[PDB]
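Right, I'll just put the structure down here and ask away after.
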Amino acid sequence: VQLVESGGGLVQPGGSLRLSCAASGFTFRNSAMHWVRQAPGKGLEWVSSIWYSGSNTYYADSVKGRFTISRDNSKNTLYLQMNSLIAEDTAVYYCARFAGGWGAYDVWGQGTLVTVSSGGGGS
Amino acid sequence: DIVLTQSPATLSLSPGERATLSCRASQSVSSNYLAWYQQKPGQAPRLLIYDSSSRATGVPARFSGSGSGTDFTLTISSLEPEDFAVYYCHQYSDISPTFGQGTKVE
């Protein structure tokens, strides 16, 4: 049982990234899948949720209209399409299997770092 | 939103001692849908407890969670040195999941 994120990296404000989470060792289509992020030196913040297909989706207020979660069950893969990135989005992004009554966030990937930075100037 | 307030922010204790961590919710947490995670530096969170008092597989008995309604607590009856980390509480009892700010145990 395992998740493996990928697709992170350094980008400048206004750019876009698409993260990937590759699931294995469980029946992917029967799990709700979430993204949870952690700004450097900060707490966990839930970002987004998708159900079995579902297609019902849920987003934190801070990423509404910029991020889009989706899944491809045939590929055992969860995705986060990150548009209009801003500095505040900087964080390790974790994908997690949400097991609800059967375990909350019982499975986490290793996380993928997204850094949004102009490099200090143009402030 | 269900605000999870954790105290203390930071605790320093010795090996063998008992750590008592609080997680207060701004509102009743339906179905006891409340979980705890341990996070060591550089690593991903690790589930310890879900459904308020259910210990995740492979988690030692010295970790136990409890409470209902708005008051939850994680107790580590006797600290091992590896037990030193940040602990987050988490409510999954509505449609906007939220976390506590974490408690650092030294």
Side-chain angles (χ1 to χ4, degrees), chain A residues 1 3 26 30-38 42-52 58 60 94-109, chain B residues 1-11 13 17-40 43-80 82-106:
Chain A
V1 173
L3 299 162
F26 71 98
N30 288 326
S31 278
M33 299 288 311
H34 296 203
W35 292 99
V36 172
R37 68 179 179 189
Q38 188 167 40
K42 302 288 213 59
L44 301 175
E45 192 197 8
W46 164 85
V47 170
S48 175
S49 286
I50 187 163
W51 260 321
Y52 310 147
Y58 307 94
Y94 293 100
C95 87
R97 192 272 285 279
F98 174 67
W102 290 103
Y105 292 128
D106 68 326
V107 191
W108 296 73
Chain B
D1 287 3
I2 302 184
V3 181
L4 300 190
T5 294
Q6 288 181 258
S7 47
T10 291
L11 273 144
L13 291 147
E17 298 201 304
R18 166 175 302 247
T20 294
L21 287 56
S22 300
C23 176
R24 275 197 310 84
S26 67
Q27 164 184 2
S28 175
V29 172
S30 46
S31 312
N32 276 10
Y33 278 169
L34 183 128
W36 293 86
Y37 308 88
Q38 177 187 75
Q39 184 180 37
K40 296 179 192 183
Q43 291 173 26
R46 161 206 191 198
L47 180 77
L48 296 188
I49 303 279
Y50 65 103
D51 279 35
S52 193
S53 52
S54 298
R55 219 162 60 235
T57 315
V59 175
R62 60 166 189 279
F63 296 91
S64 85
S66 68
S68 64
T70 64
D71 297 295
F72 303 85
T73 139
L74 177 64
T75 298
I76 312 180
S77 73
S78 84
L79 286 165
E80 309 298 327
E82 65 267 16
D83 293 357
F84 293 133
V86 183
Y87 295 85
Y88 295 96
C89 73
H90 162 221
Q91 70 88 14
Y92 49 103
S93 80
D94 63 13
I95 59 175
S96 315
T98 50
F99 291 94
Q101 257 77 294
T103 289
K104 188 191 195 185
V105 176
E106 308 165 321

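Below, each value reflects all heavy atoms present in this structure, side chains not excepted, and no hydrogens, waters or symmetry copies. Convention: sequence-line order gives letters A, B, ...; per-chain numbering from 1.
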Checklist line | Near-ring test B/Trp36/B/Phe63, centroid separation under 6.0 angstrom | finding: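 No, ring centres 6.0 Å or more apart.
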
Item checked: For B/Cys89 against B/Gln6, the heavy-atom pair lying closest together ->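 B/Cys89 and B/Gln6 have their closest heavy atoms at N-OE1, 3.3 Å.
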
Notebook entry, point to check: Could you give the distance from OG (B/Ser28) to CG (B/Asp71), rounded to the nearest 0.5 Å?
Noted result: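 B/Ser28 OG to B/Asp71 CG: 10.5 Å, rounded to 0.5 Å.
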
Checklist line | Check: B/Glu82 main-chain N/O paired with B/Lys40 side-chain donor or acceptor under 3.5 Å | finding: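 Yes: the side chain of B/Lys40 pairs with the backbone of B/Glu82.
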
Item checked: B/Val105 side chain reached by B/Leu21 side chain, heavy atoms, under 4.5 Å ->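 Contact flag for B/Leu21/B/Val105 side chains = yes.
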
Checklist line | Partners passing ring-ring contact (aromatic ring centres under 6.0 Å, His included) against B/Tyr33 (at least two apart in sequence or in another chain) | finding: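 Partners of B/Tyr33 by the ring-ring contact (aromatic ring centres under 6.0 Å, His included) criterion, ordered by chain and then number, come out as B/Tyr92.
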
Margin query: Given 3.5 Å as the limit, does a donor-acceptor pair link the side chain of A/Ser48 with the main chain of A/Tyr58, or not?
Written below: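 Yes, A/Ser48 side chain to A/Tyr58 backbone: donor-acceptor pair under 3.5 Å.
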
Checklist line | Aromatic ring proximity B/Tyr50/A/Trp102, centre distance under 6.0 Å | finding: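 When the ring centroids of B/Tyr50 and A/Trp102 are compared, they turn out to be at least 6.0 Å apart.
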
Checklist line | Under the side-chain hydrogen bond (donor to acceptor under 3.5 Å, both in side chains) test, residues paired with B/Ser64 that sit two or more places apart | finding: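 Once residues adjacent in sequence are excluded, B/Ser64 has no partner under the side-chain hydrogen bond (donor to acceptor under 3.5 Å, both in side chains) criterion.
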
Next item on the list: For residues B/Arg62 and B/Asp83, determine if any side-chain heavy atom of one lies less than 4.5 Å from a side-chain heavy atom of the other.
Entry: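 Side-chain contact under 4.5 Å: yes.
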
Notebook entry, point to check: Taking the six-membered ring for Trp, are A/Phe98 and A/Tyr105 ring centroids under 6.0 Å apart?
Noted result: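 Between A/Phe98 and A/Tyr105, the centre distance is under 6.0 Å.
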
Checklist line | Nearest heavy atoms of A/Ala32 and A/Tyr52, plus distance in Å | finding: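 Minimum heavy-atom contact is N-CE2, 3.8 Å.
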
Check: For the residue pair B/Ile49 and B/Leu47, what are the closest heavy atoms and their distance?
Finding: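 Minimum heavy-atom contact is O-CD1, 3.5 Å.
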
Next item on the list: Report yes if the side chains of B/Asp94 and B/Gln27 come closer than 4.5 Å at any heavy-atom pair, otherwise no.
Entry: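 No. Closest side-chain heavy atoms not under 4.5 Å.
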
Check: Only one of B/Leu34, B/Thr5, B/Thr73 clears side-chain contact (heavy atoms from CB on, under 4.5 Å) with B/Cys23; which?
Finding: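 For B/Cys23, the side-chain contact (heavy atoms from CB on, under 4.5 Å) test succeeds with only one of B/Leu34, B/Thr5, B/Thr73, which is B/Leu34.
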
Check: Roughly how far, to the nearest 0.5 Å, is CG of B/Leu79 from CZ of B/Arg18?
Finding: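 Separation between the atoms: 10.0 Å.
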
Checklist line | Side-chain heavy atoms of B/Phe72 within contact of B/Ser52, under 4.5 Å | finding: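 B/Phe72 reaches B/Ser52 side chain to side chain.
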
Check: Would a 4.5 Å heavy-atom cut-off, applied to side chains only, mark B/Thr98 and B/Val3 as touching?
Finding: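 No, side chains not in contact.
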
Note to self: A side-chain contact here means heavy atoms from C-beta on lying under 4.5 Å apart; do B/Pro45 and B/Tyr88 qualify?
What the structure shows: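 B/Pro45 vs B/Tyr88: side chains apart.
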
Check: For the residue pair B/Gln91 and B/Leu4, what are the closest heavy atoms and their distance?
Finding: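 Closest approach of B/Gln91 to B/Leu4: N-CD1, 3.4 Å.
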
Next item on the list: For the pair A/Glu45 and A/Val36, evaluate side chain to side chain contact (heavy atoms under 4.5 Å, CB included) and give the outcome as yes or no after the intermediate values.
Entry: CA-CA 6 Å; A/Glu45 192 197 8; A/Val36 172; 6.0 Å; no

Check: Rounded to the nearest 0.5 Å, how far does NE2 of A/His34 lie from SG of A/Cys95?
Finding: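 A/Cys95 SG to A/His34 NE2: 11.0 Å, rounded to 0.5 Å.
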
Next item on the list: Work out which heavy atom in B/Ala35 is nearest to a heavy atom in A/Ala104; give both atom names and the distance.
Entry: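 The pair with the smallest heavy-atom distance is CB-CB, 3.6 Å.
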
Check: Only one of B/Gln38, B/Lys104, B/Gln39 clears side chain to side chain donor-acceptor pair (under 3.5 Å) with B/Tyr87; which?
Finding: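 Of all the options given, the one that passes is B/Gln38.
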
Next item on the list: Calculate, to the nearest 0.5 Å, the distance between atoms CZ and CG belonging to B/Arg46 and A/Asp106 respectively.
Entry: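 Atom-to-atom, B/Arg46:CZ and A/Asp106:CG are 13.0 Å apart.
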
Checklist line | Whether B/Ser93 side chain and B/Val29 backbone form a donor-acceptor pair below 3.5 Å | finding: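 Such a contact is absent between B/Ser93 side chain and B/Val29 backbone.
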
Checklist line | Check: B/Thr103 side chain, B/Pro8 main-chain N or O, donor-acceptor pair, under 3.5 Å | finding: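 Confirmed, B/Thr103 side chain pairs with B/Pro8 backbone.
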
Item checked: Taking every non-hydrogen atom, the tightest pair across A/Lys42 and A/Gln38 ->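 Answer, listing the atom of A/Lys42 first, then A/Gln38: O-NE2, 3.1 Å.
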
Check: Hey, does A/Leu3 have a side-chain heavy atom less than 4.5 Å from the side chain of A/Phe26?
Finding: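 Yes; the side chains approach each other to less than 4.5 Å.
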
